[PDB]
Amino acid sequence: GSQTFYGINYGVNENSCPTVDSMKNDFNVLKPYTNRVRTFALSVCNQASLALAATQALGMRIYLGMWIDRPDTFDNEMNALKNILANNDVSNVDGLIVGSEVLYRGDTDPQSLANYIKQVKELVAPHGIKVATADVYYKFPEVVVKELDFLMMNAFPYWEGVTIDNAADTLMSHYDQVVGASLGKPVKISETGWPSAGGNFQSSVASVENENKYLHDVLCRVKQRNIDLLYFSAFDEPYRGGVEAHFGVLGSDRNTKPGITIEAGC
């Protein structure tokens, strides 16, 4: 069942950096469920270069994310990208994600983001790598979307207080809004998930049964509609605390979470 996930988001603890074998370890744990991972930053922990080597060793694919927010990050991530292009094989890269929630956070204005994307595309287009940005469903302005090859949505019904039975359906409604902004370009899902513990957010209850249901339902819906999804996330991440420490498909120690069955709901 290594097509159960189109791909899975893979978090990096900046305060406790992974290594190639450690990543190989982590990726082998994921290999029975998927052939593709996604990283969030290029320079942080040298994670892009490490993940390229681990995935390539295992015959896996990768989406490389650029992490842009504070002013220094634009030039610095761009330089990190140039370094990767000089120093690494990038043949297994299925996309470059130029920021995540840049416009949601108000880190820059739409035209500036669009210009930066244009500059990044000029760097990677000669390698046949397509560019996207990831954001919430209402932050895909035309000036940005014009520069993209495809769009990627981040959406968490959990953080909207949507009860579990309705959560995958709300995800799909939000997807259709991104299609509405897409200028006809492909739309993928860069993040969605549901926590197994840590309380509730209004009617959204964190439980293993609810994470299991959300996983099954979302995998089903994206299969029905032929949508590419990066599920959030591979492993629980204890450092985030509260519900944020419980979004993994698998546990923080890389063991399976009892009550999660890794299967699509249709």
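Residue indices: 1-based, along the sequence shown.
Mean C-alpha B-factor is higher over 232 to 240 than over the other stretch, the pair under comparison being 232 to 240 and 203 to 211. Averaged over their C-alpha atoms, the temperature factors of 70 to 78 and 99 to 107 are higher for 70 to 78. Residue-level inspection of the entry shows that, of 219, 37, 227, 58, 58 has the top Cα B-factor.
In this entry, the residue among 174, 188, 185, 121 with the greatest C-alpha B factor is 121. Ranked against the other modelled residues of its chain, the C-alpha B-factor of residue 248 as given in the entry falls in the lowest third. In the deposited entry, the Cα temperature factor of residue 62 sits in the bottom third of values across the chain's modelled residues.
Sort the modelled residues of the chain by CA B factor and residue 152 lands in the lowest third. Placement of the Cα temperature factor of residue 141 within the chain: middle third of the modelled residues, per the deposited record. Per the deposited record, the Cα B-factor of residue 195 falls in the lowest third when ranked against the other modelled residues of its chain.
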